[PDB]
Amino acid sequence: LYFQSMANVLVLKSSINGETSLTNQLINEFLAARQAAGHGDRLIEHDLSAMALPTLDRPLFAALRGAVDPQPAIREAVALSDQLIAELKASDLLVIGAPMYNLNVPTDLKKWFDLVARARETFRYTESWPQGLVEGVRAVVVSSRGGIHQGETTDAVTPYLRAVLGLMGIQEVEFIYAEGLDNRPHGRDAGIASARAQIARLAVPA
Amino acid sequence: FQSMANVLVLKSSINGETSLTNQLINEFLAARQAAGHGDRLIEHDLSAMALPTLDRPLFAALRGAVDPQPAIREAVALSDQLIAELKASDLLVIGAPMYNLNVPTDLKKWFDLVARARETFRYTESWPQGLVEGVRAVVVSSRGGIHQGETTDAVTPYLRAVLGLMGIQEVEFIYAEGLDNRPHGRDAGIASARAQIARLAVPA
Ligand SMILES: Cc1cc2nc3c(=O)[nH]c(=O)nc-3n(C[C@H](O)[C@H](O)[C@H](O)COP(=O)(O)O)c2cc1C
Ligand SMILES: Cc1cc2nc3c(=O)[nH]c(=O)nc-3n(C[C@H](O)[C@H](O)[C@H](O)COP(=O)(O)O)c2cc1C
């Protein structure tokens, strides 16, 4: 009963800071607090940073659209696409590290979305909109920002993620912000306290 | 000849010859000529340049580090080169169609090399000052629209902000919207774009 009842989590980390990654701490902190709240988690973890994912190009896009391409590295990248999508569809809760870099998410997070946001697989075209094919999936996006000191003049990261997740049917998405982390002298602390409070409220729902 | 504007043209579409943003960039440059502007282009097909992804060693290397590795010493030398082209330009023209609700990765990648402390922007007690002086920009962004899942435009504010970071405050867009709409949507957006082009060719 307990082991079958367990929720399945998919956990993407995109930071380039490695062991010092504040978004990676906070994911672990979030996941631990879910345990603390009586949730058993079955994690599939991807350090997208270390996977050397391919950029989306003309042939990869074609192949991914349904064409038989034979080149080895493309077929290898398509195999990875179908893998990441199987992993995603199987999962119950999606957790993503998305620190803001030059006002966008980091390249490796973007590349994940480029392989996974696929027609016929995670969405099908309608007369009007596209219909999302990922079902039973909620998201929790952990996002940090240094703020005004790093030129945070807008948050394009957030609505981008809401929209690219919504494309594939991931309609419910919660955010965990650590904002203003370069503000001297209490910025980091306050950001981290704010995120921990978001974590604590957010670890509960199941 | 010394009259001539210096344009920097960034192409990041993955559709090669069929690229609509590359078409509209070219139309935008044909019109500038039509209205008596002479231009000296530096042209980048970012798509074919296979640009390095920003990673930990490279970011450090860009942030004033000493790294003797070769692949990283080359990407820093490229960064410097893309930057020196930018700060030398008078007009920046960018191909930025919407792919999976973002810019194409290749464009992004250029921004991660060029948006760089002590080079294009510098730190301050509060906000960062830009160092790219005397540079307008023009952004060609074609979009499929509703059929391709455009629920909001994150591209626009993203671009104004990242360009703002390094001091490019003046930005105008060429939107070819709704291109997937049946049965005249592509023609209507192309037209729309064309009229936007007719207007923006004039300024100088
Ligand atoms: C390459 C790079 C670009 C960044 N760009 C921004 C930015 O545009 N706006 C901002 O507020 N913070 C920016 N930051 C600061 C990070 O968003 C912040 O330090 C965050 O905590 C990093 O989380 P991580 O440790 O999980 O990478 C940037 C950091 C790096 C390394
Ligand atoms: C990989 C890929 C992703 C796309 N994603 C979107 C999208 O998320 N929203 C949208 O409205 N249109 C989308 N489109 C449609 C393009 O924005 C549109 O066809 C564009 O005009 C093509 O420009 P180009 O020919 O310069 O690539 C996408 C096209 C491709 C090839």
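Whatever order the structure lists ligands and atoms in, that order sets their numbers, starting from 1. The figures that follow rest on heavy atoms only: side chains count, while hydrogens, waters and symmetry mates do not. Chain letters run A, B, ... following the sequence lines, proteins first, then strands; residues in each count from 1.
Not one N or O of A:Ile16 is nearer than 3.5 Å to an N or O of ligand 1, by distance alone. For ligand 2, the polar-atom distance check finds no N/O of A:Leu56 at less than 3.5 Å from any of the ligand's N/O atoms. Taking only nitrogen or oxygen atoms, main chain and side chain alike, A:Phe61 does not reach within less than 3.5 Å of ligand 2.
Ring pair A:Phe113/A:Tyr160 is perpendicular by interplanar angle, where above 60° counts as perpendicular and below 30° as parallel.
Every heavy atom of A:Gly151 sits 4.0 Å or more from the atoms of ligand 1. Contact analysis leaves A:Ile148 out of contact with ligand 1, as no non-hydrogen atom separation drops below 4.0 angstrom.
Separation of atoms CG (B:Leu46) and NZ (B:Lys108) is listed at 13.0 Å; rounding is to 0.5 Å. Taking CZ of B:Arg136 as the reference point, atom CG of B:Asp90 lies at 9.5 Å (rounded to 0.5 Å).
Residue nearest to atom 6 (C) of ligand 1, selected from A:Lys13, B:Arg116, A:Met100, A:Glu152: A:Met100 (by heavy-atom distance). Closest heavy-atom approach to atom 5 (N) of ligand 1 among the candidates A:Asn24, A:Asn102, B:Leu58: A:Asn102.
Looking only at distances, a side-chain donor or acceptor of A:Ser91 sits under 3.5 Å from a matching main-chain atom of A:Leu10.
With a heavy-atom cut-off of 4.0 Å, A:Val164 does not touch ligand 2 at all.
Within 4.0 Å of atom 19 (O) of ligand 2, not a single protein heavy atom is present.
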